[PDB]
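Working notes for the structure below.
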Amino acid sequence: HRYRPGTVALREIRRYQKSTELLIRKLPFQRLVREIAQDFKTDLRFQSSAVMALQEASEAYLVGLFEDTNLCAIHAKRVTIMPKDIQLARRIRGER
Amino acid sequence: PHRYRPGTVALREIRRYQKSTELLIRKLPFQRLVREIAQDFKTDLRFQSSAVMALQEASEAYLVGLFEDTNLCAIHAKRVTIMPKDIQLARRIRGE
Amino acid sequence: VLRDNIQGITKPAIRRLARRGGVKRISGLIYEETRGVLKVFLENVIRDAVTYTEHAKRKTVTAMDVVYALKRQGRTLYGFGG
Amino acid sequence: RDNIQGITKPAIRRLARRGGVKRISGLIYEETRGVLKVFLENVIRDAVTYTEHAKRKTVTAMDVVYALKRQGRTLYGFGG
Amino acid sequence: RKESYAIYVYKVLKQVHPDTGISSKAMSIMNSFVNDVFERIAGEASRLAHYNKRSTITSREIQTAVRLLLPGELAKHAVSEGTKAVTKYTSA
Amino acid sequence: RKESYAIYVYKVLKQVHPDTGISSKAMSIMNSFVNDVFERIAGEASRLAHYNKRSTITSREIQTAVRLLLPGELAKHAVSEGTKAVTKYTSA
Amino acid sequence: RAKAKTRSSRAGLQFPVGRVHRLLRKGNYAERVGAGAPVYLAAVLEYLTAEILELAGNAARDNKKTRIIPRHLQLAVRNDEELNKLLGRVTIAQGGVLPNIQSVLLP
Amino acid sequence: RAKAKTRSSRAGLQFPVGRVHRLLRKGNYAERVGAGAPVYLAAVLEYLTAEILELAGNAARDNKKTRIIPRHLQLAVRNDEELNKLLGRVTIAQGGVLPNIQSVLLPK
DNA sequence: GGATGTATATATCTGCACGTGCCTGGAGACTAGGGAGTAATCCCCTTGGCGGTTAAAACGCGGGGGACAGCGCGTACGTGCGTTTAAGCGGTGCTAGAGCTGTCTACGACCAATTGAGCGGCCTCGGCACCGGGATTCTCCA
DNA sequence: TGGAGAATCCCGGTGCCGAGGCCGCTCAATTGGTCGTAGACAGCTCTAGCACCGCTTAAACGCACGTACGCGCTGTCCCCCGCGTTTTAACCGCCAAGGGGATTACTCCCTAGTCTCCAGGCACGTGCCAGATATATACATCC
């Protein structure tokens, strides 16, 4: 049948907060890292641990930013996050 | 008689206290507060005048930055009035 | 023994500090929260300043101790030496 | 080129589900991609500077750890 | 021949949780934790020695660094453990 | 007795703005700025020398410390006057 | 020469006093390093490691496992206020996040 | 002997090369300090001092003032993006804040 | 009250902890020199007090405007399902280059003599804070 | 939309004190030579990183319904802003005690440095126990 809008989201919240696995696919992130590093030095090599460290740091930073974004959405009496909440979180954090 | 609308004196005060560099807390109550706080750590303690001046400058700068973030949080909730929940949101996003 | 000096940080002083922060309208429960925030911040700086004083075996808290305490919490202060 | 689209919509959805977000707007994903690009540009630029100081052509994990420690984002588990 | 704190965290773990093991990534994390805490305390003691025009690091500087770094109960118990260690080292 | 960057920043001010002076508090703030930026660059260069197993701080260490610490155009320009000053010092 | 008794054994410690003294000496911290500074420092590090391993072992036994994983270390650090204050700017690899859902999101 | 030519004079600098050199030796940074490192560091510090001082003099001239006060240093640092990024966690004493009233607070 | 996600229990299989040989770094023992403890002194500077004065805080009161609750509505994500696609795992191969070792030489620490630039002290003049009066916005109400 | 009261901006006069320049000197920078070692360079090696292929399959992607929910509008009423008057304590000037911070002398014990030596710690190797996987039953949610 059809579930209500929100219960699969809450089930996914309870699922992904119980796990440690990386939520971004490895090859697109590695290609993005090599695309970004091409502007700084031509013909660079990467260890696998370097890309894994970058992915772990990026995923932790994005999860914390989405927690602050969720606070900013709740503060405006909303359960939906919006780009203004991300901008406000980065403004209070000092990143903008 | 003559009575200004609510908000004009507030904006005039915003311009006046943003153009100035004076300390906005009275020095003697801040000094008494500093001695009262410091007496809980080490009794029979003295203070230089420049130490209390440094504490006053740091405290005023911290409170002004906190009130800027509080005003941003109040604007984000479609308001012009600052409330304690805005202070709590700004402090938890900063991580204090 | 100094007692209850947090009321010396008055409501007009908190209003002036909010005016410097660009605030047009202030609620009435703001002042107690601002006093608590100020007390927490001053306790955090003053504890490190007293610790720097006690390491130097002095009875006076110098300005340079407060500068070191503020440089510890990422709140470096310019104008009192360093 | 155009590898920022590899960070797909369900990847950002999973990252927000780990953050506790129940509902996500459709304009969230481009904003999150820009945030990720800025963060990766900062860390990768610092790590490339650390690599070229050592006269190497391989970005080690040690360079990434020092690049993150420069920005107050200390990472435990990759040789730190 | 890279040196690490692996056998020591093994010894502490078997000293307090005898029927409990540890993994390789967890020991990389604990080694990074010990190195980071070491760097914080040693850097704060170096700053403490430079501020007081002293050229030596003693137990007083590391104690003050522990008081500056660690939160309250952690700082109190670390001060107590280290003072016990220094008194036992001097007494023996 | 006490040492500060008092006459030098005055010399730089008269080089840049020859009809503009300075106050004592602005002097103390500029002295604190020079001391803090010096501490940042020297600490980063010390960390860079320790990371690459080197016991010497060279102009390369200061160059990559400026590239790490300063933002973009500031870093590019500061590398340019640093290289110019080192070249003029070595050539004469 | 007498029996070589280590400085960790006569201080009653498990962390190496000699290795901590060597890393203090060549770490360019001060011109000199006293005798009691590596003993005090190794005691403090041993105490902090012991606290982390106590809470990580409790978190491992809570998940019915006898081997400490990074998730157990993350739960140990972030479930204590003082260890979260000490390790606030620290990302633990393969640690995840703790289960927290805001009360306005529940049905 | 020869004439005592200052190391800052042969490097084309106003900041002292020798004082940066003694502060690098006695600051516990490395066992060895090279010859070009204090020249490079004094040049970088002099460039940053000139960059702040030019903008502070412009801010003092725009306020019809001759001498530079900490308000002008604060305006110079906060009005430049790179200087505000460099000096973002630093409070200038007697510096004040930038004039910034939000758009939703102004009357219509 | 019926229909699905998920503990719980049992077999099974594979990819951390104990043992050992070398080796190298910590420990014992001694010397040398200088960093810091300790006593004495003295002078800045911190604290406590008194009094006038006046500026700022506190209290009260009127009123208006904005925060908050309720309600309608149109739309845009949530969820589900079928289709596509490229992540991922396993495998092969090849060449860059990370890392180790050896040799030599340039370069920075170190020491002693010299001397001059920077710092403390002092004196004096102009930038600016303040005051008073007039010209020009500027906000609110008829 | 015009106009009155309030506020802000602007120009001339006055004094004051802090910046700016001059001088003595002293200590710290410079110069010259020596020496030991850190690092630059050359060679080699073998390790891990990159490039491509095949498959199979999980995950990304397109699309449709629909329902909740973000957002705009309206009323109301309470809370905070503006202003006037009284009170109160901040602030400035001054005047003393006296703790204590800063400096100097000395003297001693503590730590750097060195030679020797052995035992703890690390790399390598192996075999065995802890989780990961798969399937059926009932417990826990969901509509």
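Below, chains carry the letters A, B, ... as their sequence lines are ordered, and counting in each starts from 1. Hydrogens, waters and symmetry mates play no part in the numbers below; they use all other heavy atoms, side chains included.
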(message) Under 4.0 Å, counting only non-hydrogen atoms across every strand here, what does A:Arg31 touch: a base, just sugar-phosphate, or nothing?
(response) sugar-phosphate
(message) Is it true that G:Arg7 and G:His21 share a donor-acceptor pair across their side chains at a distance under 3.5 Å?
(response) yes
(request) Go through DNA chain I in 5' to 3' direction and return only the first and the last nucleotide with some atom under 4.0 Å of chain A's heavy atoms. (result) I:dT4 to I:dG97
(message) My understanding is that only residues two or more places apart in sequence, or in another chain, count here; which of them pass salt bridge (charged side-chain N to carboxylate O under 4.0 Å, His left out) with G:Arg19?
(response) E:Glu3
(request) Would you mind classifying the nucleic acid contact of E:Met27 as base, sugar-phosphate or nothing, using non-hydrogen atoms under 4.0 angstrom? (result) nothing
(request) Give H:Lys3 one of three labels, base, sugar-phosphate or nothing, depending on what nucleic acid heavy atoms sit under 4.0 Å from its own. (result) sugar-phosphate
(request) State whether A:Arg45 places a side-chain N or O below 4.0 Å from either non-bridging phosphate oxygen (OP1 or OP2) of J:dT47. (result) no
(message) Report for the helix from I:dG1-J:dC143 to I:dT14-J:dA130: angle between first-end and last-end helix axes, five pairs each, rounded to 10 degrees.
(response) 30°
(request) Give F:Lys14 one of three labels, base, sugar-phosphate or nothing, depending on what nucleic acid heavy atoms sit under 4.0 Å from its own. (result) nothing
(message) Could you tell me if B:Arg46 and C:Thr60 have a donor-acceptor pair between their side chains, going purely by distance under 3.5 Å?
(response) no
(message) By the 4.0 Å heavy-atom rule, please label G:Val33 as base, sugar-phosphate, or nothing.
(response) sugar-phosphate
(message) If a pair means Watson-Crick or G-U wobble with both distances below 3.5 Å, are I:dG26 and J:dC117 one?
(response) yes
(message) So if I take every side-chain heavy atom of F:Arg1 and compare against J:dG131, J:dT103, J:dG21, which nucleotide ends up nearest?
(response) J:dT103
(request) Give B:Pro1 one of three labels, base, sugar-phosphate or nothing, depending on what nucleic acid heavy atoms sit under 4.0 Å from its own. (result) nothing
(request) Apply the test side-chain hydrogen bond (donor to acceptor under 3.5 Å, both in side chains) to residues B:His76 and B:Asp86: give CA-CA distance (whole Å), side-chain angles for both, the deciding distance (0.1 Å), then the verdict. (result) CA-CA 10 Å; B:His76 194 64; B:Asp86 315 309; over 6 Å; no
(request) Consider the side chain of C:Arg15, meaning its heavy atoms from C-beta on, and name the nucleotide among J:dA60, J:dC81, J:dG70 that approaches it most closely. (result) J:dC81
(message) Does B:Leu23 form a side-chain contact (heavy atoms from CB on, under 4.5 Å) with B:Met53? I'd like the steps, not just the answer.
(response) CA-CA 9 Å; B:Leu23 293 172; B:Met53 272 312 102; 3.9 Å; yes
(message) Taking any heavy-atom pair under 4.0 Å as a contact, classify A:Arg15: base, sugar-phosphate, or nothing.
(response) nothing
(request) Please work out if F:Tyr5 contacts a base, only the sugar-phosphate, or nothing of the nucleic acid, heavy-atom cut-off 4.0 Å. (result) nothing
